[PDB]
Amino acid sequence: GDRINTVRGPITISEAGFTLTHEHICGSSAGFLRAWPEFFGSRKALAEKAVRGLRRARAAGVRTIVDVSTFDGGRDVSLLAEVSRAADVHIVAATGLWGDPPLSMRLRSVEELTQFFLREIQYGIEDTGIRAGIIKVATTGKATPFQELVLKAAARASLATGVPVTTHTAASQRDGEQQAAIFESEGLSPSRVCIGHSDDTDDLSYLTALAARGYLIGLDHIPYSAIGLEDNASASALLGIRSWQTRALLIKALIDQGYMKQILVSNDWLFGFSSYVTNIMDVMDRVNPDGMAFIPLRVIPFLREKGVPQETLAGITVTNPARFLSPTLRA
């Protein structure tokens, strides 16, 4: 662990700089962007949109994003490579499986899924030689028998390579506790694991208990809010009705409890989003015109106004991501 894999190759830990640890270029399904690009206008329109976004996030000080799109969330690593190069923003690619595995994945054993995740980390994604730098996994409430396999394989791959694991939860159902249990059953260090979408709970003790055990806490979808458009059931279900300030104040909460070193922050933004209702992207872009810049432009200043030391903010946005992304084998 002296280098972090990106879609442009390895970078040093110090090169990562300000890092958004949970983002997407395009939330889709495997093959979908290749087969139906006109769903996004065109592939070129999507790329141009991504580059404009990335460039504006760069302007606000973002140096690196971690794209946590998996194979079943439509990751297209050649698009990532293209936009990373055009925008001059580092991108870290993911392996793992998210909430929508097709049959060829759902039927696999824990050993098979381990070999798959290892392939994407060690050999590269598809025929690109681009090596994943993180492993994304998911539950939404109690794990399905298959999701149990996925978590165990992610733990096995992370123990082998040192690359971290980062998760989708339903935070209101306290999924992080079962995920931690399964990870620890495989002997994974909690410091290898980010329990994501954790900004969906106001249950502060659920977060503090996990932080105290060494887990990273992903407060990773701060701009998500349907305040102002709650008639729209599909957007409400996705964005929630808690304000961005509510989400952002959990960062301050965990800091105030002594866990500044356990916090990772992100927007969870995307430039295309086919795996939900049509035009959800337009709805989201009107909610948060800053897009991926929302963290530096809105959240960091808000927290400083609320008294959080800038140096603590820097620890959260630079140190924590570098420590987490640094591949780290156990002793």
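Start at 1 with the first residue shown and count on from there.
Mean CA temperature factor is higher for 202 to 210 when stretches 202 to 210 and 215 to 223 are set side by side in the entry. On average the C-alpha atoms of 273 to 281 have higher B-factors than those of the other stretch, with 64 to 72 and 273 to 281 being the two compared. Taking only the listed residues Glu126, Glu177, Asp100, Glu112, the entry reports the highest CA temperature factor at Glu177.
Among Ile135, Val193, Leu254, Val150, the highest C-alpha B-factor recorded in the PDB entry belongs to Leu254. When all modelled residues of the chain are sorted by CA temperature factor, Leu229 is found within the highest third. In the deposited entry, the Cα temperature factor of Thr12 sits in the top third of values across the chain's modelled residues. In the PDB entry, a CA B factor belonging to the middle third of its chain's modelled residues is recorded for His168.
In the deposited entry, the Cα temperature factor of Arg286 places it in the highest third of its chain's modelled residues.
Among the modelled residues of the chain, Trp244 sits in the middle third by CA temperature factor in this PDB entry.
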